[PDB]
>>> print(open('start00.cif').read())   # mmCIF, N, CA, C and O atoms
data_entry
#
loop_
_atom_site.label_atom_id
_atom_site.label_comp_id
_atom_site.auth_asym_id
_atom_site.auth_seq_id
_atom_site.Cartn_x
_atom_site.Cartn_y
_atom_site.Cartn_z
N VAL A 1 33.60 100.25 204.54
CA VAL A 1 33.49 99.01 203.78
C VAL A 1 34.84 98.59 203.22
O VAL A 1 35.19 97.40 203.24
N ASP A 2 35.62 99.54 202.71
CA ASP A 2 37.00 99.24 202.34
C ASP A 2 37.80 98.66 203.50
O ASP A 2 38.54 97.68 203.32
N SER A 3 37.68 99.24 204.69
CA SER A 3 38.36 98.68 205.85
C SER A 3 37.87 97.28 206.20
O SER A 3 38.65 96.45 206.66
N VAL A 4 36.58 97.01 206.01
CA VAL A 4 36.08 95.65 206.24
C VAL A 4 36.69 94.66 205.27
O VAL A 4 36.93 93.50 205.63
N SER A 5 36.96 95.08 204.04
CA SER A 5 37.62 94.18 203.10
C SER A 5 39.06 93.91 203.51
O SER A 5 39.57 92.81 203.26
N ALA A 6 39.73 94.87 204.13
CA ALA A 6 41.10 94.69 204.58
C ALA A 6 41.20 94.07 205.97
O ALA A 6 42.19 93.40 206.27
N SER A 7 40.19 94.27 206.82
CA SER A 7 40.27 93.87 208.22
C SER A 7 38.89 93.48 208.72
O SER A 7 38.32 94.16 209.58
N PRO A 8 38.33 92.38 208.23
CA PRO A 8 37.10 91.86 208.82
C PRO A 8 37.33 91.26 210.19
O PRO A 8 38.41 90.75 210.50
N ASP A 9 36.30 91.33 211.02
CA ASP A 9 36.33 90.76 212.35
C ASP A 9 35.33 89.61 212.45
O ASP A 9 34.42 89.49 211.64
N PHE A 10 35.52 88.78 213.47
CA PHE A 10 34.61 87.67 213.74
C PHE A 10 33.23 88.19 214.10
O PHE A 10 33.06 88.87 215.12
N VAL A 11 32.24 87.87 213.27
CA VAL A 11 30.88 88.37 213.45
C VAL A 11 29.87 87.28 213.73
O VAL A 11 28.84 87.56 214.37
N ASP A 12 30.08 86.05 213.27
CA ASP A 12 29.03 85.05 213.29
C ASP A 12 29.65 83.67 213.16
O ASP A 12 30.80 83.52 212.73
N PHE A 13 28.87 82.66 213.53
CA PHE A 13 29.30 81.28 213.41
C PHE A 13 28.99 80.70 212.03
O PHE A 13 28.07 81.13 211.33
N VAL A 14 29.77 79.70 211.66
CA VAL A 14 29.38 78.68 210.69
C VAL A 14 28.48 77.67 211.39
O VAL A 14 28.94 76.94 212.28
N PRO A 15 27.19 77.58 211.03
CA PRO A 15 26.23 76.91 211.92
C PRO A 15 26.41 75.41 212.00
O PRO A 15 25.82 74.79 212.89
N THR A 16 27.18 74.81 211.10
CA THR A 16 27.39 73.37 211.11
C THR A 16 28.38 72.91 212.17
O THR A 16 28.10 71.93 212.87
N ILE A 17 29.52 73.58 212.32
CA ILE A 17 30.49 73.22 213.37
C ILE A 17 31.03 74.47 214.04
O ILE A 17 32.21 74.81 213.85
N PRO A 18 30.23 75.18 214.83
CA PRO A 18 30.69 76.47 215.36
C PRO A 18 31.82 76.36 216.37
O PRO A 18 32.77 77.15 216.31
N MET A 19 31.76 75.39 217.28
CA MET A 19 32.78 75.27 218.32
C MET A 19 32.86 73.83 218.80
O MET A 19 31.90 73.07 218.70
N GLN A 20 34.02 73.49 219.35
CA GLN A 20 34.30 72.15 219.84
C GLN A 20 34.55 72.19 221.35
O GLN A 20 35.18 73.11 221.86
N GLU A 21 34.05 71.17 222.04
CA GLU A 21 34.27 71.07 223.48
C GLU A 21 35.75 70.93 223.79
O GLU A 21 36.48 70.19 223.13
N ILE A 22 36.20 71.66 224.82
CA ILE A 22 37.62 71.75 225.12
C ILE A 22 38.19 70.40 225.55
O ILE A 22 39.36 70.10 225.26
N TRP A 23 37.40 69.57 226.23
CA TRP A 23 37.88 68.26 226.65
C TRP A 23 38.04 67.28 225.49
O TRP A 23 38.61 66.20 225.70
N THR A 24 37.56 67.61 224.30
CA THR A 24 37.97 66.86 223.12
C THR A 24 39.47 66.94 222.92
O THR A 24 40.09 66.01 222.40
N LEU A 25 40.08 68.04 223.35
CA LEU A 25 41.51 68.28 223.25
C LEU A 25 42.29 67.64 224.39
O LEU A 25 43.51 67.78 224.45
N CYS A 26 41.61 66.93 225.29
CA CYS A 26 42.25 66.36 226.46
C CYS A 26 43.20 65.23 226.09
O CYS A 26 43.10 64.60 225.03
N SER A 27 44.14 64.97 227.00
CA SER A 27 45.07 63.85 226.85
C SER A 27 44.40 62.50 227.09
O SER A 27 44.86 61.49 226.55
N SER A 28 43.34 62.45 227.89
CA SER A 28 42.98 61.20 228.55
C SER A 28 41.47 61.14 228.75
O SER A 28 40.83 62.14 229.06
N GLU A 29 40.93 59.93 228.59
CA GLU A 29 39.49 59.74 228.67
C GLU A 29 38.96 59.93 230.09
O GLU A 29 37.86 60.46 230.28
N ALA A 30 39.74 59.52 231.10
CA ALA A 30 39.31 59.73 232.48
C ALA A 30 39.19 61.22 232.79
O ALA A 30 38.18 61.67 233.33
N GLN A 31 40.21 62.00 232.43
CA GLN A 31 40.12 63.44 232.59
C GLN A 31 39.01 64.02 231.73
O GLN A 31 38.19 64.82 232.20
N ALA A 32 38.96 63.61 230.46
CA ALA A 32 37.95 64.14 229.55
C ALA A 32 36.54 63.84 230.02
O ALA A 32 35.66 64.71 229.95
N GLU A 33 36.29 62.63 230.52
CA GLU A 33 34.99 62.33 231.10
C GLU A 33 34.73 63.14 232.36
O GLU A 33 33.61 63.62 232.57
N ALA A 34 35.74 63.31 233.20
CA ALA A 34 35.56 64.13 234.40
C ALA A 34 35.21 65.57 234.05
O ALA A 34 34.31 66.16 234.65
N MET A 35 35.90 66.14 233.06
CA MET A 35 35.57 67.47 232.59
C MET A 35 34.15 67.53 232.01
O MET A 35 33.37 68.42 232.35
N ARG A 36 33.81 66.58 231.15
CA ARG A 36 32.46 66.53 230.59
C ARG A 36 31.41 66.39 231.68
O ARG A 36 30.41 67.12 231.70
N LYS A 37 31.61 65.46 232.61
CA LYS A 37 30.65 65.27 233.69
C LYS A 37 30.48 66.54 234.52
O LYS A 37 29.35 66.94 234.83
N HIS A 38 31.58 67.19 234.89
CA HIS A 38 31.48 68.44 235.63
C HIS A 38 30.83 69.54 234.80
O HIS A 38 29.99 70.29 235.31
N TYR A 39 31.19 69.65 233.52
CA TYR A 39 30.54 70.62 232.65
C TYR A 39 29.03 70.39 232.61
O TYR A 39 28.24 71.32 232.79
N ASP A 40 28.63 69.15 232.36
CA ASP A 40 27.22 68.80 232.25
C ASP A 40 26.48 69.04 233.57
O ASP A 40 25.43 69.69 233.60
N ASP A 41 27.02 68.51 234.67
CA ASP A 41 26.31 68.50 235.94
C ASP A 41 26.41 69.81 236.71
O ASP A 41 25.49 70.14 237.46
N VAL A 42 27.49 70.57 236.54
CA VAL A 42 27.74 71.71 237.42
C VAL A 42 27.84 73.01 236.64
O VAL A 42 27.03 73.92 236.84
N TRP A 43 28.83 73.12 235.76
CA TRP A 43 29.23 74.44 235.27
C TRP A 43 28.23 75.02 234.28
O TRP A 43 27.81 76.17 234.41
N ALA A 44 27.82 74.24 233.28
CA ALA A 44 26.82 74.74 232.34
C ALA A 44 25.49 75.10 232.98
O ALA A 44 24.92 76.14 232.61
N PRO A 45 24.95 74.33 233.93
CA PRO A 45 23.81 74.83 234.71
C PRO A 45 24.04 76.17 235.39
O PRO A 45 23.20 77.07 235.29
N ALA A 46 25.17 76.33 236.07
CA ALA A 46 25.48 77.59 236.74
C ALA A 46 25.58 78.75 235.75
O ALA A 46 25.01 79.83 235.99
N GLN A 47 26.28 78.56 234.64
CA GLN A 47 26.43 79.65 233.68
C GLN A 47 25.11 80.02 233.03
O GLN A 47 24.80 81.20 232.85
N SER A 48 24.31 79.02 232.66
CA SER A 48 22.99 79.31 232.10
C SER A 48 22.10 80.01 233.12
O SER A 48 21.27 80.85 232.74
N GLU A 49 22.26 79.69 234.40
CA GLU A 49 21.61 80.46 235.46
C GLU A 49 22.21 81.86 235.61
O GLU A 49 21.48 82.85 235.71
N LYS A 50 23.54 81.95 235.63
CA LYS A 50 24.20 83.24 235.77
C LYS A 50 23.72 84.26 234.74
O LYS A 50 23.49 85.43 235.08
N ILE B 1 29.09 57.53 215.25
CA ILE B 1 28.64 57.78 213.89
C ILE B 1 27.81 59.05 213.82
O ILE B 1 28.00 59.90 212.94
N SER B 2 26.88 59.23 214.77
CA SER B 2 26.04 60.42 214.74
C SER B 2 26.88 61.68 214.86
O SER B 2 26.63 62.68 214.17
N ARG B 3 27.89 61.66 215.74
CA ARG B 3 28.80 62.79 215.87
C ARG B 3 29.60 63.02 214.60
O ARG B 3 29.84 64.17 214.21
N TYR B 4 30.02 61.95 213.93
CA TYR B 4 30.75 62.09 212.67
C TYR B 4 29.92 62.81 211.62
O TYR B 4 30.39 63.76 210.99
N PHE B 5 28.68 62.38 211.41
CA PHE B 5 27.82 63.10 210.47
C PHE B 5 27.59 64.54 210.92
O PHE B 5 27.51 65.45 210.10
N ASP B 6 27.49 64.76 212.23
CA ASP B 6 27.38 66.12 212.75
C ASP B 6 28.63 66.95 212.47
O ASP B 6 28.54 68.10 212.04
N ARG B 7 29.81 66.38 212.70
CA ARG B 7 31.04 67.16 212.66
C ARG B 7 31.65 67.30 211.27
O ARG B 7 32.42 68.25 211.06
N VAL B 8 31.35 66.41 210.33
CA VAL B 8 31.93 66.54 209.00
C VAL B 8 30.88 66.37 207.90
O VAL B 8 31.15 66.66 206.73
N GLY B 9 29.69 65.93 208.26
CA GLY B 9 28.60 65.84 207.31
C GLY B 9 28.44 64.44 206.75
O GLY B 9 29.37 63.63 206.72
N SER B 10 27.22 64.14 206.31
CA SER B 10 26.91 62.86 205.69
C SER B 10 27.28 62.80 204.21
O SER B 10 27.33 61.70 203.66
N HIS B 11 27.53 63.93 203.56
CA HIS B 11 27.82 63.95 202.13
C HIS B 11 29.03 64.83 201.87
O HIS B 11 29.57 65.46 202.78
N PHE B 12 29.45 64.89 200.61
CA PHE B 12 30.36 65.93 200.16
C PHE B 12 29.98 66.39 198.76
O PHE B 12 29.43 65.63 197.96
N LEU B 13 30.26 67.66 198.50
CA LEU B 13 29.85 68.31 197.27
C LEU B 13 30.62 67.77 196.07
O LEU B 13 31.85 67.75 196.06
N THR B 14 29.88 67.35 195.04
CA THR B 14 30.49 66.81 193.83
C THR B 14 30.00 67.51 192.57
O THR B 14 30.51 67.21 191.48
N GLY B 15 29.04 68.42 192.67
CA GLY B 15 28.52 69.12 191.51
C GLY B 15 27.95 70.46 191.91
O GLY B 15 26.83 70.53 192.42
N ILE B 16 28.70 71.53 191.69
CA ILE B 16 28.35 72.85 192.19
C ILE B 16 28.43 73.86 191.05
O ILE B 16 29.19 73.69 190.10
N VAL B 17 27.64 74.92 191.18
CA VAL B 17 27.61 76.01 190.21
C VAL B 17 28.12 77.27 190.89
O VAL B 17 27.90 77.46 192.10
N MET B 18 28.78 78.14 190.13
CA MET B 18 29.49 79.27 190.70
C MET B 18 28.89 80.55 190.15
O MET B 18 28.77 80.73 188.94
N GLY B 19 28.51 81.44 191.06
CA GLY B 19 27.43 82.36 190.80
C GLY B 19 27.50 83.70 191.49
O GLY B 19 28.33 83.93 192.37
N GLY B 20 26.64 84.60 191.05
CA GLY B 20 26.16 85.67 191.90
C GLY B 20 24.65 85.62 191.95
O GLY B 20 23.98 85.24 190.99
N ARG B 21 24.12 85.97 193.12
CA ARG B 21 22.69 86.12 193.31
C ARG B 21 22.43 87.46 193.97
O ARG B 21 23.19 87.89 194.84
N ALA B 22 21.38 88.14 193.53
CA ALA B 22 20.88 89.32 194.23
C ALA B 22 19.37 89.24 194.33
O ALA B 22 18.70 88.82 193.39
N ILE B 23 18.85 89.63 195.49
CA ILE B 23 17.41 89.66 195.73
C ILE B 23 17.07 91.03 196.30
O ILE B 23 17.86 91.60 197.07
N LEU B 24 15.92 91.56 195.92
CA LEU B 24 15.35 92.71 196.58
C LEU B 24 13.88 92.45 196.83
O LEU B 24 13.18 91.91 195.98
N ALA B 25 13.41 92.82 198.02
CA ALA B 25 11.99 92.91 198.31
C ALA B 25 11.72 94.25 198.95
O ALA B 25 12.48 94.71 199.81
N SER B 26 10.64 94.90 198.53
CA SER B 26 10.31 96.23 199.01
C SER B 26 8.81 96.36 199.13
O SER B 26 8.06 95.79 198.33
N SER B 27 8.37 97.09 200.14
CA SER B 27 6.96 97.30 200.42
C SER B 27 6.78 98.74 200.86
O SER B 27 7.66 99.30 201.52
N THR B 28 5.66 99.35 200.49
CA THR B 28 5.25 100.61 201.10
C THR B 28 3.75 100.60 201.32
O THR B 28 2.99 100.08 200.51
N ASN B 29 3.34 101.18 202.44
CA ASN B 29 1.94 101.48 202.70
C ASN B 29 1.84 102.95 203.09
O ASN B 29 2.68 103.47 203.82
N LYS B 30 0.81 103.61 202.60
CA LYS B 30 0.45 104.93 203.08
C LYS B 30 -1.04 104.93 203.38
O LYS B 30 -1.83 104.29 202.69
N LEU B 31 -1.41 105.64 204.44
CA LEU B 31 -2.80 105.89 204.76
C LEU B 31 -2.92 107.32 205.26
O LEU B 31 -2.14 107.73 206.12
N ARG B 32 -3.89 108.06 204.75
CA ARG B 32 -4.28 109.31 205.39
C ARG B 32 -5.79 109.39 205.49
O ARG B 32 -6.51 108.95 204.59
N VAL B 33 -6.26 109.96 206.59
CA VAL B 33 -7.67 110.06 206.91
C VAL B 33 -7.92 111.49 207.33
O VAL B 33 -7.12 112.06 208.09
N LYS B 34 -9.00 112.08 206.85
CA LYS B 34 -9.46 113.36 207.35
C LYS B 34 -10.96 113.33 207.53
O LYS B 34 -11.68 112.87 206.64
N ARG B 35 -11.43 113.79 208.68
CA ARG B 35 -12.86 113.98 208.87
C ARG B 35 -13.09 115.18 209.77
O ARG B 35 -12.43 115.31 210.80
N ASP B 36 -14.02 116.04 209.38
CA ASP B 36 -14.33 117.24 210.14
C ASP B 36 -15.81 117.53 210.00
O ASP B 36 -16.39 117.30 208.93
N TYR B 37 -16.41 118.05 211.06
CA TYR B 37 -17.80 118.48 211.03
C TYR B 37 -17.94 119.84 211.69
O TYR B 37 -17.24 120.16 212.65
N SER B 38 -18.87 120.62 211.16
CA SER B 38 -19.14 121.97 211.61
C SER B 38 -20.63 122.13 211.87
O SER B 38 -21.46 121.60 211.12
N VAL B 39 -20.96 122.84 212.94
CA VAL B 39 -22.34 123.15 213.29
C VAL B 39 -22.44 124.64 213.55
O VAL B 39 -21.58 125.23 214.21
N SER B 40 -23.50 125.26 213.03
CA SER B 40 -23.82 126.65 213.31
C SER B 40 -25.30 126.76 213.63
O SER B 40 -26.14 126.16 212.96
N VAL B 41 -25.62 127.53 214.67
CA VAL B 41 -26.98 127.71 215.13
C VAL B 41 -27.20 129.19 215.42
O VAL B 41 -26.35 129.85 216.03
N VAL B 42 -28.33 129.72 214.98
CA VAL B 42 -28.74 131.09 215.27
C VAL B 42 -30.19 131.06 215.74
O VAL B 42 -31.03 130.40 215.12
N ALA B 43 -30.48 131.78 216.82
CA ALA B 43 -31.84 131.98 217.29
C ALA B 43 -32.04 133.44 217.62
O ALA B 43 -31.22 134.04 218.32
N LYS B 44 -33.12 134.02 217.10
CA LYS B 44 -33.39 135.44 217.25
C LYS B 44 -34.85 135.64 217.64
O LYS B 44 -35.73 134.95 217.11
N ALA B 45 -35.11 136.57 218.56
CA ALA B 45 -36.46 136.93 218.94
C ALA B 45 -36.58 138.44 219.02
O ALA B 45 -35.67 139.12 219.48
N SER B 46 -37.72 138.97 218.57
CA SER B 46 -38.08 140.37 218.74
C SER B 46 -39.52 140.45 219.23
O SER B 46 -40.39 139.75 218.72
N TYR B 47 -39.76 141.30 220.23
CA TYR B 47 -41.03 141.31 220.94
C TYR B 47 -41.38 142.74 221.33
O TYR B 47 -40.49 143.54 221.64
N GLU B 48 -42.67 143.06 221.29
CA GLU B 48 -43.14 144.43 221.43
C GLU B 48 -44.45 144.44 222.21
O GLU B 48 -45.24 143.49 222.15
N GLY B 49 -44.67 145.52 222.96
CA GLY B 49 -45.95 145.77 223.60
C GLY B 49 -46.49 147.16 223.31
O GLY B 49 -45.99 147.84 222.41
N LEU B 50 -47.51 147.58 224.05
CA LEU B 50 -48.08 148.92 223.86
C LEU B 50 -46.97 149.96 223.84
O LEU B 50 -46.89 150.80 222.93
#
>>> encode(input="start00.cif", output="C-alpha coordinates")
Amino acid sequence: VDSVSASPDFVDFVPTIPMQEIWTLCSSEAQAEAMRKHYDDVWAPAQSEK
Amino acid sequence: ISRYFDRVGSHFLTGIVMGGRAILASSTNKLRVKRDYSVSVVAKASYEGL
(Lines of atoms letter the chains of each structure in order from A and count residues from 1; the text may use other names and numbers.)
(Lines give C-alpha, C1' and ligand atoms only; values in the text may rest on other atoms or scores of the structure.)
Protein backbone atom coordinates (compact mmCIF):
# COMPACT_ATOMS: atom_id res chain seq x y z
CA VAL A 1 0.00 0.00 0.00
CA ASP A 2 2.92 2.34 0.68
CA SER A 3 4.25 1.51 -2.79
CA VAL A 4 0.83 2.24 -4.28
CA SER A 5 0.98 5.70 -2.71
CA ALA A 6 4.40 6.26 -4.32
CA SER A 7 3.75 4.46 -7.62
CA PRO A 8 0.11 3.96 -8.59
CA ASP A 9 -0.63 2.43 -11.97
CA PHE A 10 -3.48 2.96 -14.42
CA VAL A 11 -6.34 0.80 -13.14
CA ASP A 12 -9.63 2.26 -14.40
CA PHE A 13 -11.29 4.91 -16.53
CA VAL A 14 -12.90 8.19 -15.64
CA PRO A 15 -16.31 7.19 -17.01
CA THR A 16 -17.23 10.62 -18.40
CA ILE A 17 -14.37 11.04 -20.93
CA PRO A 18 -12.28 7.84 -20.92
CA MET A 19 -10.72 8.09 -24.39
CA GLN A 20 -10.81 10.16 -27.58
CA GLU A 21 -10.91 8.92 -31.16
CA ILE A 22 -7.49 9.22 -32.79
CA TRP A 23 -8.84 10.91 -35.93
CA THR A 24 -9.93 13.81 -33.73
CA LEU A 25 -6.18 14.51 -33.75
CA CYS A 26 -6.10 14.46 -37.56
CA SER A 27 -4.92 17.35 -39.71
CA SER A 28 -7.82 17.23 -42.13
CA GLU A 29 -11.52 16.45 -42.36
CA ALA A 30 -11.17 14.32 -45.50
CA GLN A 31 -8.58 12.12 -43.80
CA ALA A 32 -10.48 12.21 -40.51
CA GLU A 33 -13.72 11.16 -42.20
CA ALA A 34 -11.88 8.43 -44.12
CA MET A 35 -10.42 7.12 -40.86
CA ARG A 36 -13.81 7.32 -39.12
CA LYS A 37 -15.58 5.62 -42.04
CA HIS A 38 -13.01 2.81 -42.14
CA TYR A 39 -13.10 2.46 -38.35
CA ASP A 40 -16.91 2.29 -38.36
CA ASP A 41 -17.35 0.07 -41.42
CA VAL A 42 -14.30 -2.22 -41.24
CA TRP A 43 -11.94 -2.20 -38.29
CA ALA A 44 -14.22 -2.01 -35.25
CA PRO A 45 -16.43 -4.83 -36.63
CA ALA A 46 -13.34 -7.00 -37.18
CA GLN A 47 -11.89 -6.30 -33.73
CA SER A 48 -15.20 -6.90 -31.97
CA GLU A 49 -15.35 -10.18 -33.90
CA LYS A 50 -11.69 -10.97 -33.18
CA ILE B 1 -23.70 20.42 -29.10
CA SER B 2 -24.47 16.88 -27.95
CA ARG B 3 -20.77 16.00 -28.15
CA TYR B 4 -19.88 19.16 -26.22
CA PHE B 5 -22.15 18.21 -23.32
CA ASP B 6 -20.69 14.71 -23.56
CA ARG B 7 -17.06 15.83 -23.61
CA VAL B 8 -17.10 18.67 -21.05
CA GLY B 9 -20.51 18.42 -19.40
CA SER B 10 -23.68 20.51 -19.30
CA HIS B 11 -22.82 22.13 -15.94
CA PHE B 12 -19.91 23.08 -13.73
CA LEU B 13 -19.52 22.75 -9.98
CA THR B 14 -20.19 25.94 -8.01
CA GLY B 15 -21.00 24.64 -4.52
CA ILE B 16 -19.17 21.64 -3.10
CA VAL B 17 -18.46 20.17 0.34
CA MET B 18 -15.14 18.60 1.29
CA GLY B 19 -15.32 15.42 3.20
CA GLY B 20 -14.57 11.93 4.25
CA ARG B 21 -17.12 9.16 3.95
CA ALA B 22 -16.91 5.59 5.18
CA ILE B 23 -19.49 2.84 4.75
CA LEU B 24 -19.60 -0.72 6.01
CA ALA B 25 -22.13 -3.43 5.29
CA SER B 26 -21.78 -6.91 6.74
CA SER B 27 -23.91 -10.05 6.75
CA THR B 28 -23.60 -13.51 8.22
CA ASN B 29 -25.76 -16.60 7.95
CA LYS B 30 -25.24 -19.90 9.71
CA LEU B 31 -27.30 -23.06 9.41
CA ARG B 32 -26.75 -26.46 10.94
CA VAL B 33 -29.05 -29.45 10.69
CA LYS B 34 -28.84 -32.83 12.38
CA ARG B 35 -31.23 -35.75 12.06
CA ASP B 36 -30.66 -39.38 12.97
CA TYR B 37 -32.87 -42.41 13.52
CA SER B 38 -32.16 -45.78 15.10
CA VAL B 39 -34.07 -49.06 14.91
CA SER B 40 -33.56 -52.19 16.99
CA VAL B 41 -35.47 -55.46 16.61
CA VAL B 42 -35.24 -58.71 18.58
CA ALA B 43 -37.16 -61.92 17.93
CA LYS B 44 -36.74 -65.04 20.06
CA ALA B 45 -38.37 -68.48 19.99
CA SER B 46 -38.04 -71.52 22.25
CA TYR B 47 -39.77 -74.80 21.45
CA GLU B 48 -39.94 -78.24 23.06
CA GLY B 49 -41.36 -81.70 22.47
CA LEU B 50 -41.54 -85.04 24.29
>>> resolve_selection(input="start00.cif", expression="the PyMOL selection byres ((chain A and name CA) within 10 of (chain B and name CA))", output="PyMOL selection string")
chain A and resi 16-18+20
>>> select_by_dssp(input="start00.cif", residues="chain B", states="alpha helix (DSSP H)", output="list in words")
residues 2, 3, 4, 5, 6, 7 and 8 of chain B
>>> atom_distance(input="start00.cif", atom1="atom N of residue 36 in chain A", atom2="CA of residue 19 in chain A")
15.5 Å
>>> atom_distance(input="start00.cif", atom1="atom N of residue 23 in chain A", atom2="atom N of residue 1 in chain B")
18.3 Å
>>> axis_aligned_box(input="start00.cif", around="range 9-21 of chain B", padding_each_side="8 Å", output="AutoDock Vina command-line options")
--center_x 27.1 --center_y 74.8 --center_z 198.6 --size_x 25.4 --size_y 42.2 --size_z 35.3
>>> atom_distance(input="start00.cif", atom1="atom O of residue 15 in chain A", atom2="CA of residue 13 in chain B")
17.4 Å
>>> decode(input="start00.cif", residues="range 13-30 of chain A", atoms="N, CA and C atoms", output="PDB file, in the first residue's frame")
ATOM      1  N   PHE A  13     -10.937   3.687 -15.824  1.00  0.00           N
ATOM      2  CA  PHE A  13     -11.291   4.905 -16.527  1.00  0.00           C
ATOM      3  C   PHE A  13     -12.030   5.891 -15.629  1.00  0.00           C
ATOM      4  N   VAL A  14     -11.920   7.163 -15.990  1.00  0.00           N
ATOM      5  CA  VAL A  14     -12.895   8.190 -15.641  1.00  0.00           C
ATOM      6  C   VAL A  14     -14.085   8.059 -16.587  1.00  0.00           C
ATOM      7  N   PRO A  15     -15.272   7.688 -16.101  1.00  0.00           N
ATOM      8  CA  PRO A  15     -16.313   7.192 -17.013  1.00  0.00           C
ATOM      9  C   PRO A  15     -16.915   8.264 -17.898  1.00  0.00           C
ATOM     10  N   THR A  16     -16.682   9.538 -17.604  1.00  0.00           N
ATOM     11  CA  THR A  16     -17.231  10.623 -18.404  1.00  0.00           C
ATOM     12  C   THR A  16     -16.475  10.853 -19.710  1.00  0.00           C
ATOM     13  N   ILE A  17     -15.145  10.877 -19.694  1.00  0.00           N
ATOM     14  CA  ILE A  17     -14.372  11.038 -20.927  1.00  0.00           C
ATOM     15  C   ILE A  17     -13.183  10.084 -20.928  1.00  0.00           C
ATOM     16  N   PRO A  18     -13.403   8.779 -21.076  1.00  0.00           N
ATOM     17  CA  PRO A  18     -12.284   7.840 -20.921  1.00  0.00           C
ATOM     18  C   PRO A  18     -11.246   7.927 -22.026  1.00  0.00           C
ATOM     19  N   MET A  19     -11.667   8.068 -23.282  1.00  0.00           N
ATOM     20  CA  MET A  19     -10.725   8.090 -24.390  1.00  0.00           C
ATOM     21  C   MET A  19     -11.320   8.853 -25.563  1.00  0.00           C
ATOM     22  N   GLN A  20     -10.435   9.365 -26.416  1.00  0.00           N
ATOM     23  CA  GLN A  20     -10.809  10.157 -27.576  1.00  0.00           C
ATOM     24  C   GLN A  20     -10.383   9.440 -28.850  1.00  0.00           C
ATOM     25  N   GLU A  21     -11.233   9.516 -29.870  1.00  0.00           N
ATOM     26  CA  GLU A  21     -10.905   8.924 -31.158  1.00  0.00           C
ATOM     27  C   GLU A  21      -9.670   9.577 -31.763  1.00  0.00           C
ATOM     28  N   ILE A  22      -8.788   8.743 -32.315  1.00  0.00           N
ATOM     29  CA  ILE A  22      -7.489   9.215 -32.786  1.00  0.00           C
ATOM     30  C   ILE A  22      -7.627  10.190 -33.949  1.00  0.00           C
ATOM     31  N   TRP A  23      -8.633  10.001 -34.806  1.00  0.00           N
ATOM     32  CA  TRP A  23      -8.836  10.915 -35.926  1.00  0.00           C
ATOM     33  C   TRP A  23      -9.352  12.284 -35.509  1.00  0.00           C
ATOM     34  N   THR A  24      -9.749  12.462 -34.252  1.00  0.00           N
ATOM     35  CA  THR A  24      -9.933  13.813 -33.734  1.00  0.00           C
ATOM     36  C   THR A  24      -8.638  14.603 -33.807  1.00  0.00           C
ATOM     37  N   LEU A  25      -7.509  13.917 -33.696  1.00  0.00           N
ATOM     38  CA  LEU A  25      -6.185  14.512 -33.751  1.00  0.00           C
ATOM     39  C   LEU A  25      -5.694  14.718 -35.177  1.00  0.00           C
ATOM     40  N   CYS A  26      -6.510  14.382 -36.171  1.00  0.00           N
ATOM     41  CA  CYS A  26      -6.102  14.458 -37.564  1.00  0.00           C
ATOM     42  C   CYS A  26      -5.916  15.902 -38.020  1.00  0.00           C
ATOM     43  N   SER A  27      -5.122  16.051 -39.083  1.00  0.00           N
ATOM     44  CA  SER A  27      -4.921  17.350 -39.713  1.00  0.00           C
ATOM     45  C   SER A  27      -6.139  17.821 -40.500  1.00  0.00           C
ATOM     46  N   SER A  28      -6.968  16.906 -41.000  1.00  0.00           N
ATOM     47  CA  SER A  28      -7.822  17.228 -42.134  1.00  0.00           C
ATOM     48  C   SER A  28      -9.109  16.423 -42.063  1.00  0.00           C
ATOM     49  N   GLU A  29     -10.206  17.070 -42.460  1.00  0.00           N
ATOM     50  CA  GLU A  29     -11.522  16.449 -42.363  1.00  0.00           C
ATOM     51  C   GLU A  29     -11.681  15.297 -43.346  1.00  0.00           C
ATOM     52  N   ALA A  30     -11.099  15.419 -44.541  1.00  0.00           N
ATOM     53  CA  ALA A  30     -11.170  14.322 -45.501  1.00  0.00           C
ATOM     54  C   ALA A  30     -10.482  13.077 -44.960  1.00  0.00           C
TER      55      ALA A  30
END
